[PDB]
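What follows is a single structure, written as structure tokens, with notes after it.
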2 protein chains.
Amino acid sequence: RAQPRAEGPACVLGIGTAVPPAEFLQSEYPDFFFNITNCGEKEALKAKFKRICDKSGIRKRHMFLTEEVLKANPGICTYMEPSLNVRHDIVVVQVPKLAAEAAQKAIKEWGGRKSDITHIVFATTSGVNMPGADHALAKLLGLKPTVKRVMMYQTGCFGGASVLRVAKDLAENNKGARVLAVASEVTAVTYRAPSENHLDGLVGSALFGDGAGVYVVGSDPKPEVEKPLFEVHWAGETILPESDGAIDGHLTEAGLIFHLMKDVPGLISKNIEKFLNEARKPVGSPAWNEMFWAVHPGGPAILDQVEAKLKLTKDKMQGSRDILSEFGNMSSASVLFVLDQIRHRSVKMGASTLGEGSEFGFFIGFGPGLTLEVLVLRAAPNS
Amino acid sequence: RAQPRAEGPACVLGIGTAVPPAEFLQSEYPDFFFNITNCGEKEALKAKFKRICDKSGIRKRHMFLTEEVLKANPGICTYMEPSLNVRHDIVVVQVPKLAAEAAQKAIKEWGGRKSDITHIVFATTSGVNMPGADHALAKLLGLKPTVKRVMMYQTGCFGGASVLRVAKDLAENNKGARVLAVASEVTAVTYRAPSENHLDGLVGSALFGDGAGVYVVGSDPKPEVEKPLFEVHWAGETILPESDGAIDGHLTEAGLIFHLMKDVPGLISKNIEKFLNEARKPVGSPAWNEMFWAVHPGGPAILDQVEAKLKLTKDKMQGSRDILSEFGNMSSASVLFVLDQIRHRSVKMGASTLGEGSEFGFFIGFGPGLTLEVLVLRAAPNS
Ligand SMILES: CC(C)(COP(=O)(O)OP(=O)(O)OC[C@H]1O[C@@H](n2cnc3c(N)ncnc32)[C@H](O)[C@@H]1OP(=O)(O)O)[C@@H](O)C(=O)NCCC(=O)NCCS
């Protein structure tokens with residue numbers, strides 16, 4: 001084998017997360033949003049938006065789009081005026097810059113040298129460019145120019161699971177390989193003024209926030225330097241039955257526009273157990289309540305119905321609900337925060353593993369397709 | 001290992017290509033192009049465009065944008081009027097449709113069942129959508145809903161090499177895995193009226209054409225059932241020094257806008273030997289003239305200077321020049337055609353291998369970065 005393969009399973013070797021500094025309280029967002037878009041007279045619409053915010057499960061979100069930025073780019077504050085170029089001017093720098101913030105933290109925890117990074121896997125939903133955010137991230141961090149890159153533009157909310165799936169095969173098939181798995185999201189491509197005829201707009205405006213997470217992934221950890229946090233044992237995905245059209249997203253002259261023509265929480269709840277039953281098997285099929293649950297917090301409804309359908313104890317979804325609460329829906333980056341939050345809860349409560357006492361757990365994303373992405377991890381001991 | 005790995009190197013097991021039916025002869029293209037965009041008064045510009053066409057090394061190209069289609073979508077015939085929406089209406093269907101035509105041919109040559117495809121790796125430069133072209137192709141072909149997908153939107157011309165690099169790790173790390181490696185391009189997202197303000201555009205308008213290629217990639221071929229055409233032994237890439245901005249692409253309200261710098265052939269030719277010297281080593285560093293050369297035909301100047309710098313014999317670049325001649329630059333798909341052409345030339349001339357008698361060869365792409373992508377292949381014997 002002309003490029004020698006690695007021996008052990010892929011491991012998460014370090015985690016880093018990052019958010020823009022400005023915070024937006026959900027209890028105050030309807031006034032700010034409808035004012036900055038000059039729609040404050042639309043009382044009935046604002047009341048509807050408030051209902052959505054009140055049901056969202058979100059306390060605050062981080063966003064680069066401050067009052068100053070929005071006043072400086074009025075095109076983004078319209079409903080459908082052509083604005084894609086001013087949108088890309090914001091996200092082309094912020095998306096890799098935020099990723100670099102998170103990547104420095106992940107490398108610090110890992111303990112290795114930046115010059116030993118061999119691969120980058122990068123997901124986003126926030127605009128596109130040539131060369132891509134992967135290339136920018138390599139420059140910002142001063143990586144070696146021979147770094148091997150996989151740039152997954154335009155994924156939607158399953159992309160965090162995607163980067164860990166791809167990193168697994170890259171780390172497992174290349175002796176010595178150390179991968180940066182990256183997901184970074186900035187809401188400037190999707191932001192727009194509220195409208196009575198765009199209800200999916202209303203929901204996105206209540207849910208989406210900014211953030212980035214990156215993991216260092218690698219097989220065969222050097223014992224004198226590297227400490228694995230999680231092992232990756234299985235990765236797969238499926239398209240759910242009769243889900244055509246559930247989530248559509250079109251990049252247009254006015255930015256990214258979503259249309260949701262099916263019951264997404266219902267589609268996932270009705271189908272998740274059959275597929276999760278398959279993922280369990282290669283690790284001996286533990287019971288749902290013997291596992292940890294790093295679930296993408298697309299919204300409170302999806303977390304609730306999965307909790308009920310599987311009869312999970314209330315602590316299982318707490319990691320996900322914490323992230324929803326403090327950061328909202330950061331699209332592909334969210335699930336990376338969730339796993340991190342489960343690790344932190346484990347340390348704070350003195351559990352025996354970094355999966356809150358459980359040995360195996362799920363790392364789950366979903367999005368357009370309707371696509372369900374699932375990985376199975378093993379948690380390290382908490383020493 | 002909870003998902004068992006494969007044993008042998010990844011193999012190309014079948015090849016398929018496809019193009020839209022309409023043909024555009026290069027010697028007449030300046031008349032048609034300047035006609036249909038109502039630019040016939042720009043005589044000086046048209047003379048320059050003809051000079052480019054005559055030096056391009058291109059005899060004809062295939063394009064979906066026929067006279068009737070262009071007349072029916074007048075926004076695409078403008079310089080900068082907003083047109084991204086009707087452009088995406090074309091490429092969101094045509095890009096996967098073209099891929100499906102090439103994939104059927106590749107699957108027929110492979111001989112396996114479509115239900116045994118496990119993976120899709122998909123590159124393109126022709127717009128974006130959610131769900132992606134990968135999902136559309138899975139639907140059109142009737143693949144399993146559990147197919148694992150990697151969608152590299154917005155790669156530029158190195159993406160053909162990219163999909164094979166990714167396919168290598170996916171096939172080598174998964175026992176029984178059979179991957180569809182796909183690259184598909186349609187020029188409707190980049191086409192626009194010629195202008196004295198966008199001379200880079202003139203070169204793009206002379207070079208780019210439509211096409212798609214797909215390879216079946218897999219390790220461990222079942223003897224007497226599957227016949228490998230090439231083995232993949234090495235894959236790497238590098239960013240060339242001081243080449244920021246050589247190739248740029250931004251997706252805007254008016255479609256995709258490229259920047260192409262006069263230095264590109266020089267940047268590649270002045271650096272390629274140094275890197276290829278390294279890629280050679282894991283297979284024993286064969287001599288340049290003992291290898292075959294599947295090189296992305298970005299332009300005639302690039303092929304010419306690489307041939308000179310490396311002192312290659314005149315037959316080494318013929319495969320690339322054939323593809324340039326008959327199809328032009330089909331961005332990420334082009335190099336997939338080149339390898340297929342080298343196999344056909346081998347058979348036609350009765351060579352001893354499918355690499356025109358050589359044992360090892362390069363599969364080379366380049367694009368925004370400036371990124372150089374290289375794989376090292378071994379050719380099968382010619383029985
Ligand atoms: C385009 C190409 C065929 C030009 O042919 P050539 O043999 O170099 O001949 P010339 O230098 O006379 O070029 C012809 C004309 O194109 C112009 N031209 C070439 N490259 C240009 C560029 N990047 N931008 C603008 N004009 C360009 C020249 O200035 C010249 O104009 P002129 O007739 O008014 O002097 C050749 O330079 C080439 O293959 N370039 C690389 C293409 C490329 O970058 N690949 C696409 C993406 S990888």
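Ordering of the structure tokens sets the chain letters (A, B, ...), residue numbers begin anew at 1 in every chain, and ligands are numbered from 1 in the order given.
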
Assign secondary structure with DSSP using the backbone only, and return the residues of segment 91-317 of chain A in strand (DSSP E or B) as a PyMOL selection string. chain A and resi 119-124+130+148-153+178-185+208+211-218+230-239+248-252+255-259+291-295

What residues of the protein or nucleic acid chains come within 9 Å of ligand 1 when you use only C-alpha atoms and all ligand atoms? Reply as number ranges by chain. B: 45, 47-57, 156-158, 198-204, 206-208, 246-247, 259-265, 296-304, 329, 331, 366-368

Selected residue of minimal separation from chain A among B:338, B:151, B:188, B:380, counting only C-alpha atoms: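 Under the stated criterion, the closest residue is B:151.
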
Select, as an MDAnalysis selection string, those residues of chain A with any atom no more than 8 Å from chain B (distances computed using only C-alpha atoms). chainID A and resid 1:3 8:9 82:85 128:132 135 145:148 150:156 169:170 172:173 233:234 236:240 247:254 282:283 368:369

Write the residues of the selection above to a file with C-alpha atoms, as an mmCIF file, in the first residue's frame.
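Listing of out05.cif after writing:
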```cif
data_model
loop_
_atom_site.group_PDB
_atom_site.id
_atom_site.type_symbol
_atom_site.label_atom_id
_atom_site.label_comp_id
_atom_site.auth_asym_id
_atom_site.auth_seq_id
_atom_site.Cartn_x
_atom_site.Cartn_y
_atom_site.Cartn_z
ATOM 1 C CA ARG A 1 0.000 0.000 0.000
ATOM 2 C CA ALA A 2 1.805 3.075 -1.293
ATOM 3 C CA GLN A 3 0.139 5.327 1.270
ATOM 4 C CA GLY A 8 -7.190 2.166 15.183
ATOM 5 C CA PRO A 9 -10.595 3.884 15.127
ATOM 6 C CA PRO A 82 -31.433 41.777 -5.029
ATOM 7 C CA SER A 83 -28.717 41.611 -2.398
ATOM 8 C CA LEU A 84 -26.611 38.460 -2.860
ATOM 9 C CA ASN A 85 -23.380 40.365 -3.474
ATOM 10 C CA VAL A 128 -19.867 30.195 -1.485
ATOM 11 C CA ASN A 129 -16.568 31.409 -2.933
ATOM 12 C CA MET A 130 -13.594 30.416 -5.103
ATOM 13 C CA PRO A 131 -11.154 29.649 -3.578
ATOM 14 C CA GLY A 132 -13.268 28.314 -0.684
ATOM 15 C CA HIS A 135 -8.415 27.601 1.585
ATOM 16 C CA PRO A 145 0.278 24.310 1.789
ATOM 17 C CA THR A 146 -0.047 20.553 1.100
ATOM 18 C CA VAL A 147 -3.031 20.191 3.401
ATOM 19 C CA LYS A 148 -5.730 17.970 1.878
ATOM 20 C CA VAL A 150 -12.801 18.632 1.376
ATOM 21 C CA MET A 151 -15.068 21.723 1.012
ATOM 22 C CA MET A 152 -18.743 20.859 1.481
ATOM 23 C CA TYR A 153 -20.554 24.056 0.566
ATOM 24 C CA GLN A 154 -24.308 24.434 0.990
ATOM 25 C CA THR A 155 -24.982 21.434 3.245
ATOM 26 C CA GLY A 156 -27.805 22.627 5.506
ATOM 27 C CA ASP A 169 -12.508 7.668 6.612
ATOM 28 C CA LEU A 170 -9.715 10.192 6.051
ATOM 29 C CA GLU A 172 -8.696 5.819 9.405
ATOM 30 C CA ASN A 173 -7.186 5.317 5.934
ATOM 31 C CA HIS A 233 -17.243 3.529 15.426
ATOM 32 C CA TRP A 234 -20.016 3.873 12.826
ATOM 33 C CA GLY A 236 -24.234 6.358 7.977
ATOM 34 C CA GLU A 237 -27.160 8.317 6.611
ATOM 35 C CA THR A 238 -30.553 7.820 5.021
ATOM 36 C CA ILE A 239 -33.252 9.672 3.140
ATOM 37 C CA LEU A 240 -36.582 9.382 4.957
ATOM 38 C CA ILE A 247 -36.994 21.213 3.202
ATOM 39 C CA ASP A 248 -36.063 23.174 0.080
ATOM 40 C CA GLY A 249 -33.504 25.923 -0.057
ATOM 41 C CA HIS A 250 -32.858 28.083 -3.104
ATOM 42 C CA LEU A 251 -30.002 30.562 -3.448
ATOM 43 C CA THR A 252 -31.569 33.500 -5.236
ATOM 44 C CA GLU A 253 -30.826 37.061 -6.275
ATOM 45 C CA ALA A 254 -32.153 38.023 -2.813
ATOM 46 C CA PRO A 282 -22.156 -2.914 15.629
ATOM 47 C CA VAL A 283 -21.680 -1.845 19.272
ATOM 48 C CA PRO A 368 -32.796 18.794 3.300
ATOM 49 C CA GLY A 369 -33.627 15.429 1.785
#
```

Separation of atom CA of residue 311 of chain A and atom CA of residue 378 of chain A, in Å? 21.7 Å

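With only C-alpha atoms taken into account, the protein and nucleic acid residues at most 8 Å from residue 63 of chain B (excluding it and anything under 6 positions from it in its own chain) are residues 19, 20, 21, 22, 23, 24, 186, 187, 209 and 210 of chain B.
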
Those residues you just picked out, can you put them in a file as a PDB file, in the first residue's frame with N, CA, C and O atoms?
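Listed below is the output, result12.pdb:
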```pdb
ATOM      1  N   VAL B  19     -22.673  14.467 -22.739  1.00  0.00           N
ATOM      2  CA  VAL B  19     -22.691  15.878 -23.157  1.00  0.00           C
ATOM      3  C   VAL B  19     -24.054  16.208 -23.747  1.00  0.00           C
ATOM      4  O   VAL B  19     -24.741  15.340 -24.303  1.00  0.00           O
ATOM      5  N   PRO B  20     -24.474  17.469 -23.640  1.00  0.00           N
ATOM      6  CA  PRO B  20     -25.679  17.888 -24.349  1.00  0.00           C
ATOM      7  C   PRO B  20     -25.485  17.803 -25.845  1.00  0.00           C
ATOM      8  O   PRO B  20     -24.363  17.976 -26.361  1.00  0.00           O
ATOM      9  N   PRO B  21     -26.561  17.566 -26.600  1.00  0.00           N
ATOM     10  CA  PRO B  21     -26.406  17.241 -28.023  1.00  0.00           C
ATOM     11  C   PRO B  21     -25.913  18.378 -28.907  1.00  0.00           C
ATOM     12  O   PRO B  21     -25.238  18.105 -29.913  1.00  0.00           O
ATOM     13  N   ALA B  22     -26.284  19.630 -28.629  1.00  0.00           N
ATOM     14  CA  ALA B  22     -25.952  20.726 -29.539  1.00  0.00           C
ATOM     15  C   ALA B  22     -24.458  21.019 -29.565  1.00  0.00           C
ATOM     16  O   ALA B  22     -23.822  21.130 -28.513  1.00  0.00           O
ATOM     17  N   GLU B  23     -23.909  21.167 -30.773  1.00  0.00           N
ATOM     18  CA  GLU B  23     -22.488  21.402 -31.010  1.00  0.00           C
ATOM     19  C   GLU B  23     -22.237  22.818 -31.519  1.00  0.00           C
ATOM     20  O   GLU B  23     -23.032  23.369 -32.289  1.00  0.00           O
ATOM     21  N   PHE B  24     -21.144  23.430 -31.077  1.00  0.00           N
ATOM     22  CA  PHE B  24     -20.813  24.786 -31.498  1.00  0.00           C
ATOM     23  C   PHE B  24     -19.394  24.761 -32.047  1.00  0.00           C
ATOM     24  O   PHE B  24     -18.439  24.559 -31.290  1.00  0.00           O
ATOM     25  N   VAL B 186     -22.293  22.695 -16.384  1.00  0.00           N
ATOM     26  CA  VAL B 186     -23.147  23.322 -17.396  1.00  0.00           C
ATOM     27  C   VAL B 186     -22.936  24.837 -17.367  1.00  0.00           C
ATOM     28  O   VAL B 186     -23.048  25.469 -16.311  1.00  0.00           O
ATOM     29  N   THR B 187     -22.654  25.431 -18.528  1.00  0.00           N
ATOM     30  CA  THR B 187     -22.136  26.800 -18.556  1.00  0.00           C
ATOM     31  C   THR B 187     -23.204  27.874 -18.371  1.00  0.00           C
ATOM     32  O   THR B 187     -22.885  29.063 -18.505  1.00  0.00           O
ATOM     33  N   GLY B 209     -17.048  24.596 -21.838  1.00  0.00           N
ATOM     34  CA  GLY B 209     -18.170  23.877 -22.409  1.00  0.00           C
ATOM     35  C   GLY B 209     -18.768  22.923 -21.388  1.00  0.00           C
ATOM     36  O   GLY B 209     -18.210  22.732 -20.310  1.00  0.00           O
ATOM     37  N   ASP B 210     -19.862  22.265 -21.772  1.00  0.00           N
ATOM     38  CA  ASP B 210     -20.624  21.405 -20.866  1.00  0.00           C
ATOM     39  C   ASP B 210     -20.172  19.952 -20.988  1.00  0.00           C
ATOM     40  O   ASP B 210     -19.643  19.536 -22.024  1.00  0.00           O
TER      41      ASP B 210
END
```

Within 8 Å of segment 67-74 of chain A, counting only C-alpha atoms, which residues qualify if same-chain residues fewer than 3 places away don't, as a PyMOL selection string? chain A and resi 36+64+77-78+86

Export of prior selection with N, CA and C atoms as an mmCIF file, in the first residue's frame:
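File written: selection30.cif
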```cif
data_model
loop_
_atom_site.group_PDB
_atom_site.id
_atom_site.type_symbol
_atom_site.label_atom_id
_atom_site.label_comp_id
_atom_site.auth_asym_id
_atom_site.auth_seq_id
_atom_site.Cartn_x
_atom_site.Cartn_y
_atom_site.Cartn_z
ATOM 1 N N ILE A 36 -35.480 47.472 12.903
ATOM 2 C CA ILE A 36 -34.353 47.626 12.002
ATOM 3 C C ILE A 36 -34.764 47.362 10.560
ATOM 4 N N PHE A 64 -23.216 38.342 13.963
ATOM 5 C CA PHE A 64 -22.358 39.424 13.494
ATOM 6 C C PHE A 64 -23.193 40.612 13.041
ATOM 7 N N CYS A 77 -31.864 44.426 4.568
ATOM 8 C CA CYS A 77 -33.043 44.734 5.359
ATOM 9 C C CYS A 77 -34.322 44.795 4.533
ATOM 10 N N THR A 78 -34.261 44.482 3.249
ATOM 11 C CA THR A 78 -35.456 44.466 2.426
ATOM 12 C C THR A 78 -36.055 43.071 2.414
ATOM 13 N N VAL A 86 -23.893 41.872 -1.613
ATOM 14 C CA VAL A 86 -23.542 42.467 -0.333
ATOM 15 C C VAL A 86 -23.555 41.381 0.722
#
```

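Taking atom CA of residue 66 of chain B and atom CA of residue 332 of chain B as endpoints, the distance between them is 22.1 Å.
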
One residue among A:216, A:242, A:294, A:102 is nearest to residue 271 of chain A when using only C-alpha atoms, and that residue is A:242

Contacts of residue 350 of chain A within 8 Å, only C-alpha atoms, excl. fewer than 3 positions in-chain, as number ranges by chain: A: 346-347, 382

From segment 184-329 of chain B, collect each residue whose DSSP state is alpha helix (DSSP H) and return the set as a short mmCIF file (atom, residue, chain, number, x, y, z; two decimals) with N, CA, C and O atoms, in the first residue's frame.
```
data_model
loop_
_atom_site.label_atom_id
_atom_site.label_comp_id
_atom_site.auth_asym_id
_atom_site.auth_seq_id
_atom_site.Cartn_x
_atom_site.Cartn_y
_atom_site.Cartn_z
N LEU B 199 -12.36 41.47 -19.53
CA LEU B 199 -11.57 40.75 -20.51
C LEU B 199 -11.33 39.31 -20.07
O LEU B 199 -11.17 38.42 -20.91
N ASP B 200 -11.29 39.08 -18.76
CA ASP B 200 -11.24 37.71 -18.27
C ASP B 200 -12.41 36.92 -18.80
O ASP B 200 -12.29 35.74 -19.13
N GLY B 201 -13.57 37.58 -18.84
CA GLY B 201 -14.77 36.96 -19.39
C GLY B 201 -14.57 36.44 -20.80
O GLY B 201 -14.96 35.32 -21.11
N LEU B 202 -13.93 37.25 -21.66
CA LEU B 202 -13.69 36.85 -23.05
C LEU B 202 -13.01 35.48 -23.12
O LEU B 202 -13.36 34.64 -23.97
N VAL B 203 -12.04 35.25 -22.25
CA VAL B 203 -11.32 33.98 -22.28
C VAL B 203 -12.23 32.84 -21.83
O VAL B 203 -12.23 31.76 -22.43
N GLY B 204 -12.98 33.05 -20.75
CA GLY B 204 -13.98 32.07 -20.35
C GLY B 204 -15.00 31.78 -21.43
O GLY B 204 -15.40 30.63 -21.63
N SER B 205 -15.48 32.83 -22.11
CA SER B 205 -16.46 32.60 -23.15
C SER B 205 -15.90 31.78 -24.31
O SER B 205 -16.67 31.16 -25.03
N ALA B 206 -14.58 31.76 -24.48
CA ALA B 206 -13.94 30.98 -25.52
C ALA B 206 -13.60 29.56 -25.10
O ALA B 206 -13.47 28.70 -25.96
N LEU B 207 -13.45 29.29 -23.81
CA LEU B 207 -12.90 28.03 -23.32
C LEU B 207 -13.94 27.03 -22.79
O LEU B 207 -13.81 25.83 -23.05
N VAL B 264 -1.32 32.49 -15.17
CA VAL B 264 -1.68 31.14 -14.76
C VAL B 264 -0.79 30.08 -15.38
O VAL B 264 -0.27 29.24 -14.64
N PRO B 265 -0.57 30.05 -16.71
CA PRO B 265 0.36 29.04 -17.25
C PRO B 265 1.73 29.09 -16.61
O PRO B 265 2.30 28.04 -16.30
N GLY B 266 2.29 30.29 -16.43
CA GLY B 266 3.60 30.43 -15.80
C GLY B 266 3.63 29.95 -14.36
O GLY B 266 4.62 29.39 -13.91
N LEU B 267 2.58 30.26 -13.59
CA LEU B 267 2.54 29.82 -12.20
C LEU B 267 2.55 28.31 -12.10
O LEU B 267 3.15 27.74 -11.18
N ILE B 268 1.85 27.65 -13.01
CA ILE B 268 1.80 26.20 -12.98
C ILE B 268 3.08 25.61 -13.52
O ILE B 268 3.70 24.76 -12.87
N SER B 269 3.51 26.05 -14.70
CA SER B 269 4.71 25.47 -15.29
C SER B 269 5.93 25.69 -14.40
O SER B 269 6.76 24.78 -14.26
N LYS B 270 6.09 26.89 -13.82
CA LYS B 270 7.28 27.13 -13.01
C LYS B 270 7.32 26.31 -11.72
O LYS B 270 8.37 26.25 -11.08
N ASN B 271 6.20 25.70 -11.29
CA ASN B 271 6.16 25.00 -10.00
C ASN B 271 5.87 23.50 -10.10
O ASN B 271 6.03 22.80 -9.10
N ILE B 272 5.45 23.01 -11.26
CA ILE B 272 4.85 21.68 -11.30
C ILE B 272 5.89 20.59 -11.08
O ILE B 272 5.61 19.56 -10.47
N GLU B 273 7.11 20.77 -11.61
CA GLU B 273 8.10 19.70 -11.52
C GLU B 273 8.45 19.42 -10.07
O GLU B 273 8.54 18.25 -9.66
N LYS B 274 8.61 20.48 -9.27
CA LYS B 274 9.03 20.36 -7.89
C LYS B 274 8.05 19.46 -7.14
O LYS B 274 8.45 18.56 -6.39
N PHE B 275 6.76 19.65 -7.38
CA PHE B 275 5.75 18.89 -6.64
C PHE B 275 5.62 17.48 -7.16
O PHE B 275 5.47 16.53 -6.38
N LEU B 276 5.58 17.34 -8.49
CA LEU B 276 5.48 16.03 -9.09
C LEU B 276 6.66 15.15 -8.70
O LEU B 276 6.52 13.92 -8.64
N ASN B 277 7.82 15.76 -8.45
CA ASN B 277 8.97 14.98 -8.01
C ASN B 277 8.66 14.24 -6.70
O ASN B 277 9.12 13.11 -6.49
N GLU B 278 7.88 14.88 -5.81
CA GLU B 278 7.48 14.27 -4.55
C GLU B 278 6.39 13.22 -4.77
O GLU B 278 6.47 12.11 -4.23
N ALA B 279 5.37 13.55 -5.56
CA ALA B 279 4.28 12.59 -5.79
C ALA B 279 4.80 11.28 -6.37
O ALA B 279 4.23 10.22 -6.09
N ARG B 280 5.90 11.34 -7.17
CA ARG B 280 6.49 10.17 -7.83
C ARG B 280 7.00 9.13 -6.85
O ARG B 280 7.06 7.94 -7.20
N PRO B 300 -4.41 25.59 -23.89
CA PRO B 300 -3.25 25.11 -24.65
C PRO B 300 -1.94 25.63 -24.09
O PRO B 300 -0.94 24.90 -24.09
N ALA B 301 -1.93 26.84 -23.54
CA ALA B 301 -0.68 27.39 -23.02
C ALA B 301 -0.18 26.55 -21.85
O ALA B 301 1.03 26.37 -21.67
N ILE B 302 -1.10 26.02 -21.04
CA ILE B 302 -0.69 25.23 -19.89
C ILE B 302 -0.09 23.90 -20.35
O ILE B 302 0.99 23.49 -19.91
N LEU B 303 -0.75 23.23 -21.31
CA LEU B 303 -0.25 21.96 -21.80
C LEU B 303 1.12 22.12 -22.46
O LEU B 303 2.03 21.31 -22.27
N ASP B 304 1.27 23.20 -23.23
CA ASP B 304 2.49 23.43 -23.98
C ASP B 304 3.67 23.64 -23.04
O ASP B 304 4.76 23.09 -23.26
N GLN B 305 3.49 24.48 -22.00
CA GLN B 305 4.61 24.82 -21.13
C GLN B 305 4.96 23.65 -20.22
O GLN B 305 6.12 23.46 -19.87
N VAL B 306 3.96 22.86 -19.82
CA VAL B 306 4.27 21.68 -19.03
C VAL B 306 5.05 20.68 -19.86
O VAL B 306 6.06 20.12 -19.40
N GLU B 307 4.64 20.47 -21.11
CA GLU B 307 5.36 19.57 -22.01
C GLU B 307 6.81 20.03 -22.19
O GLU B 307 7.75 19.22 -22.11
N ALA B 308 7.02 21.34 -22.37
CA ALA B 308 8.37 21.86 -22.57
C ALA B 308 9.21 21.70 -21.32
O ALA B 308 10.32 21.15 -21.36
N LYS B 309 8.70 22.19 -20.18
CA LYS B 309 9.45 22.20 -18.93
C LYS B 309 9.89 20.79 -18.55
O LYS B 309 11.02 20.60 -18.08
N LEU B 310 9.04 19.80 -18.80
CA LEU B 310 9.31 18.42 -18.43
C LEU B 310 9.94 17.61 -19.56
O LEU B 310 10.31 16.45 -19.35
N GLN B 318 -1.31 13.99 -25.77
CA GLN B 318 -2.28 13.90 -26.86
C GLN B 318 -3.68 13.71 -26.31
O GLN B 318 -4.63 14.32 -26.81
N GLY B 319 -3.84 12.85 -25.30
CA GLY B 319 -5.15 12.63 -24.73
C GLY B 319 -5.81 13.91 -24.26
O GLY B 319 -7.00 14.14 -24.51
N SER B 320 -5.04 14.76 -23.57
CA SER B 320 -5.56 16.05 -23.13
C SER B 320 -5.91 16.92 -24.32
O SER B 320 -6.90 17.66 -24.29
N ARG B 321 -5.08 16.90 -25.35
CA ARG B 321 -5.36 17.76 -26.47
C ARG B 321 -6.59 17.28 -27.25
O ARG B 321 -7.34 18.12 -27.76
N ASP B 322 -6.81 15.96 -27.34
CA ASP B 322 -8.03 15.44 -27.96
C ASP B 322 -9.26 15.98 -27.25
O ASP B 322 -10.23 16.41 -27.88
N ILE B 323 -9.25 15.95 -25.92
CA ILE B 323 -10.42 16.41 -25.19
C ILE B 323 -10.58 17.91 -25.39
O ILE B 323 -11.68 18.41 -25.66
N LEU B 324 -9.47 18.66 -25.32
CA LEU B 324 -9.53 20.09 -25.57
C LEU B 324 -10.13 20.35 -26.94
O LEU B 324 -11.09 21.12 -27.08
N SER B 325 -9.64 19.62 -27.94
CA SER B 325 -10.09 19.78 -29.33
C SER B 325 -11.60 19.60 -29.49
O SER B 325 -12.25 20.41 -30.15
N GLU B 326 -12.16 18.53 -28.92
CA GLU B 326 -13.53 18.10 -29.21
C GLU B 326 -14.58 18.59 -28.20
O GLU B 326 -15.78 18.59 -28.53
N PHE B 327 -14.17 19.03 -27.01
CA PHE B 327 -15.11 19.40 -25.95
C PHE B 327 -14.73 20.69 -25.25
O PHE B 327 -15.56 21.22 -24.50
#
```

For segment 107-117 of chain B: contacts at 9 Å, only C-alpha atoms, fewer than 4 positions along chain excluded, given as a list in words: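 Within the cut-off, the hits are residues 12, 13, 14, 15, 16, 102, 103, 141, 142, 143, 144, 147, 176, 177, 178, 179, 180, 215, 216, 225, 226, 227 and 228 of chain B.
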